[PDB]
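This report refers to the structure that appears directly beneath it.
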Ligand SMILES: *C(=O)[C@]1([C@@H](O)C(C)C)NC(=O)[C@H](C)[C@@H]1O
Ligand SMILES: *C(=O)[C@]1([C@@H](O)C(C)C)NC(=O)[C@H](C)[C@@H]1O
């Protein structure tokens, strides 16, 4: 709405609305307004790769469900709620490790990502060591 | 209706594959009767004409062969004569007579030629004046001479620059005189034909000056900035027919000038296809032998049948002889000099291999699950819609299309169109489908549902109405909770009345869903549903026709969107027992939920 | 007629009459004739070739026909696609909410064609929707 | 391999002695030097230098004109000649996009040789590397 999101990002939001509307039908129309923001983002963002994170945040806000902040999330979602492949998977993973590392590893941090990207994980040594530990 | 193998087979039976063909060279316009008749008029009447049609049809070759058969009386000698030390004119004298004047002239250091009066006088008054009181720039300058008019002069100048059209002045150091003028294509074409490309006239910026030559007779040799003075060149009467050549789109810019159609009154338009008949198969064979190919019957037959598939029509063949020849030239290498059925079929395969990287990446990502598709089982509100990705050579692929329905107030939402990925024609198809849906399901008042449709994992712009039938079946499936076959992909446009309409790239679509089914393992029950109105455009490749013959792939042709839904949902619209009932019950559940 | 004889044409009465009546049709008016003498002459020049030097009614009517043939490719493609059912049209029978509306396609010489126009009506709140618009 | 596809580098150059000019002062370009063999050019240089149309003309029509000067009172006519060479053009998918909307490109360059951005990670490609 503020003009920071591209066409593919917009598409991902409409897909997510399609999923949400169609899962929760018992009341008629969804009796809620849901707003989603990337806090402190000041630049244009494009891609559907934040869809799964927007969807979990939306179901959490509806259901009053506390979510783990030690697990970052990445993945695109289709209207049926299936998680889809995203690009730059190794960068994403490693960049959440760097932040967790810079603030002190707690032991329970990690990332949730699409099963369809398993074959693109070629993680750097430091992350594979942490996972092994 | 199911399309049997017998219904789909379209290729030409080959007897005695390896026997060498021997056939006479056809006439220059075979299968182009429109153009031939337009150019017969322009030749009989002296009109200028333009030859318009797609690239690679061989317009130029055909026109040069045609004009080479014409005859005209032997053209006159053409020359510049001085009328003064600063004036020149173009003149004609009867053929062979210039060499006689030039000698009469040279034997004037220190009548026979009535035509040369203007120059002869001007010559005397200068002799008078030098008596009355070197520079030897008073002789005629021969531009062309010719020994017959069979064939007439035929000048094709593909590079239409001003010095190439209109000639050039040389300076000796300035000095300049009538003797240093060189002719252009205009001069060389006098008493015959000048052939130019429409795109060169535009690119070189020479259209206006060429107009002036044809309209006003002004043909100025090109000059240099430096030269203290220069020669005046008198206009001259133009005696030539111009033939311009180009594509429909090369002509578009020239056509907004009124002067174009005043000056080029004969349009000779070449058709992109011709009848696929035994007489055009025969002309093609003689045309190939005359190009120097060693052709065999099987090779002529496969080329002929590949021209039909290039036209995407069982009844018509592609008219672009230059393209058939290019393919024949690659076939020849592969058959060692001999154009056989194998070598043609292998040339084709190699071309497909050479532009197959995008498709290999694609099929890999489907195999890895990076693109998520289904080619088996049933699923509600989903269907393999078939698409062609923007880019030559335009492979076809399945795209998973989903539809979700929820209680809401009649809204048919295309996500790709709302996100700006869908073009105007695609948008039109969605509104058509909403028009159909609203008007079929009226019992509750307004449609008590919101329906959203997305092409999953599409990241590019999509245009065309060719996904309409797949969007419509997905929408009725989501309303009615109807499981659809994922082993049948769908293609077709739909109108407001629910009739299925023709779509483009039908062979690509079909074959690209076969490739995906093949790459994931054929299950035996995969296939495509497509418009009955495209039957005549199915000229499927061998591997698909074989699979269909083996019962391992299936083509269904439909006339209405309801027939597609019955196939994909495995049940009739009526009975009880029937799809219409389940869609009713669906809509009523939504209506209550509202 | 006098203007044509002064240009050097060998004109006959039937030839002058058809030229005159083709100038009326070029104006698309029964009462007015097209004033473009250069255009009448160009047509007369093609007629002359076809009548062997003599401008007759046949040769004028045949010049006209040949010009229509020479720009008829688009229409031949069109009529073929209707005949094959690739363009779907009806020219017989009755149908609800459909009609052959007639159109001119952008491009010289501007042939006319039927276009099937459909209208669907449903319960809703006064909306007249032109899909093409 | 002429990476710098300017007209004088492709088609050769006329020298003038002071003008005078004659057949003896003509220098060859890459086109001449490539006769009976192979000429390699980059798609991006053809575009940047503006020499695509003139190179078309060389391949299509056999016109290979040495480059000339404005000043020169006159100049030499150069007859076309039959071209005997194979051209190999090199570039990215995006260097080709502009050349591909000309019909003449795919008429003249009938063999596309597309390099894949990745290959199999196998012990034989580890060994070749
Ligand atoms: C995902 O599509 C993506 C995310 O950064 C944004 C927040 C959607 N967009 C991108 O360009 C990069 C590569 C991410 O994948
Ligand atoms: C159909 O009109 C079509 C489909 O790819 C999209 C999904 C509508 N569009 C096209 O350009 C190609 C050629 C398909 O026909």
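Residue numbers (PDB author numbering), protein chains in the order written: chain B, 534 to 666; chain E, 1 to 110, 219 to 241, 246 to 285, 290 to 710; chain A, 401 to 533; chain X, 268 to 285, 290 to 400.
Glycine included, C-beta positions come from ideal geometry on N, C-alpha and C.
> Quick one, which of 340/X, 269/X, 358/X and 284/X has its alpha-carbon nearest residue 383/X's?
Replying inline: What you label residue 383/X is simply residue 112 of the fourth chain in a count that begins at 1. When only C-alpha atoms are compared, the closest one is 358/X.
>> I want to see whether chain X comes within less than 7 Å of residue 441/E, judged by CB atoms only; does it?
In response: Within the second chain, the letter at position 325 stands for residue 441/E. It does not; no Cβ of chain X falls within 7 Å.
> In terms of alpha-carbon separation, which member of 75/E, 579/E and 673/E lies closest to residue 616/E?
Replying inline: For the purposes of this step, residue 616/E is taken as the residue at position 500 of the second chain. Per the Cα distances, 673/E.
> In three-state DSSP terms, what is residue 683/E?
Replying inline: Translated into the one-based positions of the second chain, residue 683/E becomes position 567. Helix, per DSSP.
> Listing by chain order, which chain E residues have their CB less than 8 Å from the CB of residue 328/X?
Replying inline: Here residue 328/X is taken as the residue at index 57 of the fourth chain, counted from 1. Within 8 Å Cβ-Cβ: 270 and 271.
>> Give me the chain E residues within the contact set of residue 434/A, using Cβ-Cβ distance strictly less than 7 Å, ordered along the chain.
In response: Taking the third chain and counting its residues from 1, one reaches residue 434/A at position 34. Per Cβ cutoff of 7 Å: no residues; residue 434/A is ~15 Å from chain E at best.
> Listed in chain order, which residues of the segment 629-643 of chain B have Cβ atoms closer than 8 Å to some Cβ of chain E?
Replying inline: none
> Using CA coordinates, which residue listed in 523/E, 625/E and 232/E is at the minimum distance from residue 533/B?
Replying inline: Lying before the first or after the last residue shown, residue 533/B is absent from chain B, which here runs from 534 to 666.
> Is there at least one Cβ from chain E nearer than 7 Å to residue 486/A's Cβ?
Replying inline: One-based indexing of the third chain puts residue 486/A at position 86. Yes, contact with chain E.
> Which residues count as close to ligand 2 when the rule is a CB under 6 Å from any of its heavy atoms, in chain order?
Replying inline: 503/E, 504/E, 542/E, 578/E, 579/E, 580/E, 581/E, 582/E, 583/E, 619/E, 620/E and 621/E
>> Per DSSP, what are the beta-bridge partners of residue 385/E in this structure?
In response: Indexing the second chain from 1 puts residue 385/E at position 269. Paired residues: 52/E.
>> Nearest by alpha-carbon distance to residue 420/A: which of 482/A, 407/A, 436/A and 406/A is it?
In response: In the third chain, residue 420/A corresponds to position 20, counting from 1. Comparing Cα-Cα distances from residue 420/A to each of 482/A, 407/A, 436/A and 406/A, the minimum goes to 436/A.
> Exposed or buried, what is residue 300/X when buried is set at 16 or more other beta-carbons lying within 10 Å of its beta-carbon?
Replying inline: Against the fourth chain, residue 300/X aligns to sequence position 29. Per the 10 Å Cβ criterion, buried.
> What span of residues does the beta strand (DSSP E) with residue 628/E cover, start to end?
Replying inline: Here residue 628/E refers to the residue found at position 512 of the second chain. First-last for residue 628/E: 622-635, but that is the alpha helix (DSSP H), not the beta strand (DSSP E).
> Under three-state DSSP, which class holds residue 548/B?
Replying inline: Along the first chain, read from residue 1 onward, the residue named residue 548/B stands at position 15. Residue state, collapsed to three classes: helix.
>> Measuring alpha carbon to alpha carbon, tell me which residue in 497/A, 496/A and 512/A is nearest residue 503/A.
In response: The count along the third chain starts at 1 and reaches residue 503/A at position 103. Among 497/A, 496/A and 512/A, the Cα nearest to that of residue 503/A is on 512/A.
> Quick one, which residues of the segment 304-327 of chain E are near chain X if we go by CB-CB under 8 Å, in chain order?
Replying inline: 319
> Who pairs with residue 518/A in a beta bridge, going by DSSP?
Replying inline: Numbered from 1 along the third chain, position 118 holds the residue referred to as residue 518/A. Paired residue(s): 498/A.
>> Within the continuous beta strand (DSSP E) that includes residue 77/E, where are the two ends?
In response: Counted from its first residue, the second chain places residue 77/E at position 77. Looking at the DSSP string, the run of the beta strand (DSSP E) that includes residue 77/E is 77-82.
>> Can you confirm whether the segment 258-268 of chain E touches the segment 318-338 of chain E when touching is taken to mean that 3 or more C-beta pairs between the two stretches lie within less than 8 Å?
In response: no
> From the DSSP output, which residues share a beta bridge with residue 309/E?
Replying inline: For the purposes of this step, residue 309/E is identified with residue 193 of the second chain, where counting begins at 1. DSSP lists 266/E and 357/E as partners of residue 309/E.
> Looking at the C-beta of residue 385/X, does it have a partner C-beta in chain E at a distance below 7 Å?
Replying inline: Taking the fourth chain and counting its residues from 1, the one referred to as residue 385/X is at position 114. Closer than 7 Å: yes.
> What are the start and end residues of each continuous beta strand (DSSP E) run of 3 or more residues lying completely inside the segment 646-706 of chain E, in chain order?
Replying inline: 670-674
> Can you tell me whether DSSP reads residue 434/E as helix, strand or coil?
Replying inline: If you number the second chain from 1, residue 434/E lands on position 318. In this structure, residue 434/E counts as strand in the three-state DSSP scheme.
>> Pull the bridge partners of residue 644/B from the DSSP assignment, please.
In response: The residue given as residue 644/B occupies position 111 in the first chain. The partner list for residue 644/B (beta bridge, DSSP) reads 605/B.
> From the beta carbon of residue 344/X, is the nearest beta carbon of chain E less than 7 Å away?
Replying inline: Your numbering for residue 344/X matches position 73 in the fourth chain. With 7 Å as the cut-off, residue 344/X counts as an interface residue toward chain E.
> First and last residue of the alpha helix (DSSP H) that includes residue 289/X?
Replying inline: Any question about the placement of residue 289/X has no answer from these coordinates, since chain X jumps from 285 to 290.
> So residue 444/E packs on residue 409/E, CB below 8 Å; how close in whole Å?
Replying inline: Here residue 444/E corresponds to residue number 328 of the second chain, with the count starting at 1. Here residue 409/E corresponds to residue number 293 of the second chain, with the count starting at 1. So it is a contact: roughly 6 Å between Cβ atoms.
>> Taking 7 Å as the threshold (beta carbon to beta carbon), is residue 510/E in contact with chain X?
In response: Residue mapping note: residue 510/E aligns to position 394 of the second chain, counting from 1. No, its Cβ sits nowhere closer than 7 Å to a Cβ of chain X.
> What residue from 452/E, 505/E and 260/E has the CA that sits closest to residue 474/E's CA?
Replying inline: Counting from 1 along the second chain, the entry for residue 474/E is found at position 358. It is 505/E.
> Any residues in the segment 28-59 of chain E with a beta carbon nearer than 8 Å to a beta carbon of chain A? Which ones, in chain order?
Replying inline: 34, 37, 38, 41, 44, 45 and 47
>> Pull the bridge partners of residue 530/E from the DSSP assignment, please.
In response: The residue labelled residue 530/E in the question sits at position 414 within the second chain. Paired residues: 569/E.
>> So the candidates are 411/E, 429/E and 643/E; which of them puts its Cα closest to the Cα of residue 452/E?
In response: By one-based count along the second chain, residue 452/E stands at place 336. Ranking the options by Cα distance to residue 452/E, first place goes to 411/E.
> Hey, out of 613/E, 5/E, 258/E and 34/E, whose CA is closest to residue 466/A's CA?
Replying inline: Within the third chain, residue 466/A is the residue found at index 66, counting from 1. Ranking the options by Cα distance to residue 466/A, first place goes to 34/E.
> What number of angstroms, rounded off, separates the C-alpha of residue 576/E from the C-alpha of residue 646/B?
Replying inline: Along the second chain, one-based indexing puts residue 576/E at 460. Along the first chain, one-based indexing puts residue 646/B at 113. One C-alpha to the other measures close to 24 Å.
>> For residue 514/A, would you say it is in contact with chain E, using Cβ-to-Cβ distances shorter than 7 Å as the test?
In response: On the third chain, position 114 is the one that residue 514/A refers to. Not closer than 7 Å to any Cβ of chain E, the Cβ of residue 514/A fails to qualify, so no.
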